[PDB]
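See below for the structure under consideration.
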Amino acid sequence: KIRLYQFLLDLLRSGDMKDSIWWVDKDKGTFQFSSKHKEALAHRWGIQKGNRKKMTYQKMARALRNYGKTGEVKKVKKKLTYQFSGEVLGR
DNA sequence: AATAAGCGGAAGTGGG
DNA sequence: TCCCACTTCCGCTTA
Ligand code: NA
């Protein structure tokens with residue numbers, strides 16, 4: 001199954017949920033979630049995964065934080081903002 | 001208080 | 001066996 005970071009990168013490339021997520025500086029890989037519309041995107045992630053429970057932004061962000069150590073996605077010190085690694089962007 | 005984002009330890013689930 | 005890649009639950013912190 002698709003990994004969370006790839007799900008997000010694919011959404012940003014397709015523009016299918018542009019009211020829930022958007023690039024801040026695509027060259028740097030920085031992106032931001034919508035305060036009011038992020039839950040719809042979280043719901044889609046859980047359904048794509050076939051998880052038992054409804055997915056929430058809190059649980060999705062809990063998973064995102066685990067990428068901090070390996071580097072695929074890091075939290076930026078701006079509201080709802082994160083950054084993909086160069087390696088993720090290149091693939 | 002109400003609302004919201006952010007955090008992570010711990011235990012559970014999936015598919016190797 | 002035992003790690004993958006999260007998921008779920010819970011309690012806490014800061015603004
Ligand atoms: Na929030």
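Below, read A as the first sequence line, B as the second, and so on, with proteins coming before strands; counting in each chain starts at 1.
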For atom CD of A:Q48 and atom P of C:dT7, their distance in whole Å:
11 Å
Can you measure A:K59 atom NZ to C:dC9 atom P for me and round it to whole angstrom units?
6 Å
Under 4.0 Å between a side-chain N or O of A:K77 and OP1 or OP2 of B:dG6?
no
Could you check which of C:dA5, B:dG6, C:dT7 has an atom nearest any side-chain atom of A:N51?
C:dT7
Check: A:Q58 side chain, C:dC9 base, donor-acceptor under 3.5 Å
no
Nucleotide forming a Watson-Crick or wobble pair with C:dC9, both distances under 3.5 Å
B:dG9
Return no unless some side-chain N or O of A:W45 is found under 4.0 Å from OP1 or OP2 of C:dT7.
yes
Grab the NZ-P distance between A:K49 and C:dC4 for me, whole Å please.
15 Å
Check for a donor-acceptor pair, side chain of A:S20 on one end and backbone N or O of A:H37 on the other, with a separation under 3.5 Å.
yes
Interatomic distance, A:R62 CZ vs C:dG11 P [rounded to whole Å]:
16 Å
The residue among A:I21, A:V76, A:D25, A:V24 that forms side-chain contact (heavy atoms from CB on, under 4.5 Å) with A:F31 is A:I21
Has A:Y57 got a side-chain N or O lying under 4.0 Å from the OP1 or OP2 atom of B:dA4?
no
Select base, sugar-phosphate, or nothing to describe what A:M55 touches, counting heavy atoms under 4.0 Å on all strands.
sugar-phosphate
Short side-chain N/O contact from A:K53 to OP1 or OP2 of C:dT7, under 4.0 Å:
no
Measure from NZ or CZ of A:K75 to the centre of the six-membered ring of A:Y82, then state whether that distance is under 6.0 Å and the direction lies within 45° of the axis.
yes
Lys/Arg N to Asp/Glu carboxylate O, A:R44 vs A:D16, below 4.0 Å:
yes
To the nearest angstrom, the CZ-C1' distance between A:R65 and C:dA5 comes to 16 Å
Once you apply a heavy-atom cut-off of 4.0 Å, does A:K38 come out as touching a base, just sugar-phosphate, or nothing?
sugar-phosphate
So does A:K54 get a backbone contact from the side chain of A:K59, meaning a donor-acceptor N/O pair under 3.5 Å?
yes
Distance, rounded to the nearest Å, where A:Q32 contributes CD and B:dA5 contributes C1':
12 Å
Whole-Å distance separating the NZ atom of A:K36 from the P atom of B:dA5
11 Å
Please evaluate the base of B:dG14 for a donor-acceptor partner in the side chain of A:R52 within a cut-off of under 3.5 Å?
no
From CG of A:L80 across to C1' of B:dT3 the rounded distance in Å is 13 Å
Would you say A:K79 reaches B:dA5's phosphate, i.e. side-chain N/O to OP1/OP2 under 4.0 Å?
yes
Reckon A:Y67 touches a base, only the sugar-phosphate, or nothing at all at heavy-atom distances under 4.0 Å?
sugar-phosphate
Base partner of C:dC4, which must satisfy Watson-Crick or wobble distances under 3.5 Å
none
I want to verify a distance call: between C:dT7, B:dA5, B:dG6, whose nearest atom is closest to the A:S35 side chain?
B:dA5
Does a side-chain N or O from A:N66 land closer than 4.0 Å to OP1 or OP2 of C:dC6, or not?
no
So, do A:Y5 and A:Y67 have ring centers that fall under 6.0 Å from each other?
yes
